[PDB]
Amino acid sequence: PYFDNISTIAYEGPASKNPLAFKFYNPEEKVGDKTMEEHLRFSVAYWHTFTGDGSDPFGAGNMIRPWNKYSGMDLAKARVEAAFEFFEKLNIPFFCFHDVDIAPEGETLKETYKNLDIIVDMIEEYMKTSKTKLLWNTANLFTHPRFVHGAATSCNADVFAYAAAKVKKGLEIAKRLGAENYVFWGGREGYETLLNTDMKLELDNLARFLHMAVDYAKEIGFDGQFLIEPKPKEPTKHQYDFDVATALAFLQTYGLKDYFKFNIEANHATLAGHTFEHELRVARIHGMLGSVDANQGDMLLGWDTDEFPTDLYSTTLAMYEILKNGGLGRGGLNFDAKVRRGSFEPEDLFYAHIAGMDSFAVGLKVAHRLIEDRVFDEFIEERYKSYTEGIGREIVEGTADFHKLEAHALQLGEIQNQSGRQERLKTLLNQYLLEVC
């Protein structure tokens, strides 16, 4: 029907000259007590994969897709058929979408709702016969001209109302299709210039908005995990949920912290000047690592590139964080990635996903070994042991004060420290990377 050239993609192993096969991702291979499929919980982004056109700030849409002949609802329906065909052939457990990705917006809200329901009906009775499930859905509060000054942070109370309606419908669809999570991304929730901005009001309203959401979620009995996806900027000059930490500060200020977890996207972390691992670590130690958008940016380019994950250091390092968190739990590895404008052929959708999946399979395999062999843990445990005994243990138990500490410091000679062993640790990481065979 849509992808006729492509037959169902299978795991063929490392020594395999077949471009359309998994070299490392074996869905049922066990890594510890769970299979690769259970560990990785892969998900495809509806937006990039089925509605993306390869357009560029300086280029027109160039993507070649079979469903391009259609318009309107025919196109919406065509994409659903295509979507599920792609899911089956690639063997993906999950997918994600924004409301505007699946159905065309109407001239009035009532219309939008109609088109949406139609498409949701179609999606529901398809899930019926597919292994693929909805990881999370979300409301697109940034693309329409109406959200020009924000959504919940808009200076126009009508826009606040409209955004609320689209999130209300969003949660209903989530409940209906049994989404495991619901994602919020504040694309326009920031500022373009402080000069015309009442920041305290905007933040107050953003909090009021989120409160209303968690309330509605209870009322309809949603029970899926609420997620916030941080980003430093783009489109905005400054986006409010800049960081995992920055968003955390916000949630704490307004007492929304217990209702939320974070959706961390690699490209977003690097754009904030942090490493992907760093953002995962911070989320993790706060018990707020909700889910992951697995992509990769270019660190020499200051905008989102949404590339597929091929860098094995990143995947390894990310997986290490994820495994230590006890896994993704309710979230998954959603490929919020996009083929390069130069990879405009249909088969590139497959090449791209295989690349990302194999890269994460490798990362899972090695991150796991690093953990079971206590490669880094062995050392960390050894270098922090001063806090296990004597004065250190007093500091930790909370039985030390400036008096005792000063008294102690006074009898101290030259303090001796040991190496952080960075080059060694880095060398070790390489050795484990290369021991994938």
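Numbers for residues come from their place in the sequence shown, where the first is 1.
Taking only CA atoms, the mean B-factor in the PDB entry is higher for 172 to 180 than for the other of 172 to 180 and 240 to 248.
When the mean C-alpha temperature factors of 254 to 262 and 125 to 133 are read from the deposited coordinates, 125 to 133 comes out higher.
Residues shown: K114, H353, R281, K365. Highest C-alpha temperature factor in the entry: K114. In the deposited entry, the Cα temperature factor of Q296 places it in the lowest third of its chain's modelled residues. Compared with the other modelled residues of the chain, the Cα B-factor recorded for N91 ranks in the highest third.
Sort the modelled residues of the chain by CA B factor and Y70 lands in the highest third. For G32, the recorded CA temperature factor ranks within the highest third of the chain's modelled residues. Per the deposited record, the Cα B-factor of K404 falls in the highest third when ranked against the other modelled residues of its chain.
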